[PDB]
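Here the Cβ positions follow ideal geometry from the backbone for every residue, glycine too, while neighbour counts run over all protein chains shown. What follows is calculated from the coordinates using simple rules that are stated; it is not laboratory data.
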Amino acid sequence: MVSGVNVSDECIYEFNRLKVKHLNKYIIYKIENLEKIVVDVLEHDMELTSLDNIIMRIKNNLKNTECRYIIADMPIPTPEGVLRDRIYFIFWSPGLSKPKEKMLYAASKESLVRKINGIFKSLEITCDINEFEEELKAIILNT
């Protein structure tokens, strides 16, 4: 939809540091004051290797009552497999987030994604925070 939020330049700055300079393992973005998409969290630990561990770390930054966009460089072995890093974009949209926020995040998602080239897969997760970790894994693993 046509709601009124724009995208801060630091957003793409950090994504590029993740994608190109591999200095970030994941970035969590949020809408600040209902009108600007901004960086909420950056994981600089480029020595984080486990998928399950990265999913756990992301989960600990999320809540049942607020929407987030997450970009994560996921360490994923080929059907071989030689661990290839894939960029996932995740729209966390839990049920207990208020509607004003749910709609705004959904209506703004495109504004963010269309600036972010190189995404391996874009995902929407709307389960309870208790199943976040299992659901993301299931999705990632079922191709």
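Neighbour counts of other Cβ atoms within 10 Å put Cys127, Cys67 in the fewest-to-most order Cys127, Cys67.
All alpha carbon pair distances within the chain were sorted into 5 Å bins beginning at 0; the resulting P(r) in whole percents reads 2, 9, 21, 24, 21, 15, 6, 2, 1, 0. Could you check the simple spin-label distance between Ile129 and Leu42, using points 7 Å along Cα→Cβ, in nm with one decimal? Spacing of the two 7 Å Cα→Cβ label points: 2.5 nm. Relative to the longest principal axis of the chain, what angle (0 to 90°, nearest 10) does the C-alpha long axis of helix 129-141 take? Approximately 50 degrees, to the nearest 10.
Helix 9-19 and the longest principal axis of the C-alpha atoms of the chain enclose an angle of approximately 10°. Straight-line cross-link reach from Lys21 at under 16 Å between alpha-carbon atoms covers these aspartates and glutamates, not counting any fewer than eight positions away in the same chain: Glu10, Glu43, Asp45, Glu47, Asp73, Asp85.
Considering only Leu42, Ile129, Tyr69, and ranking their Cα positions along the charge dipole of the chain that arises from unit charges at the beta-carbon of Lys, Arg, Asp and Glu, the one farthest toward the positive end is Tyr69.
Remark: the range 97-137 is approximated by an ellipsoid whose semi-axes, taken from the C-alpha gyration tensor as √(5λ), come to 20, 18, 5 Å, largest first. Taking other C-beta atoms within 10 angstrom as a stand-in for reagent exposure, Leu112, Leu96 fall in the order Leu96, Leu112, fewest first. Per-peptide packing, taken as the mean over residues of other Cβ atoms within 10 Å, places 98-104, 132-138, 14-20 in the sequence 14-20, 132-138, 98-104 from highest down.
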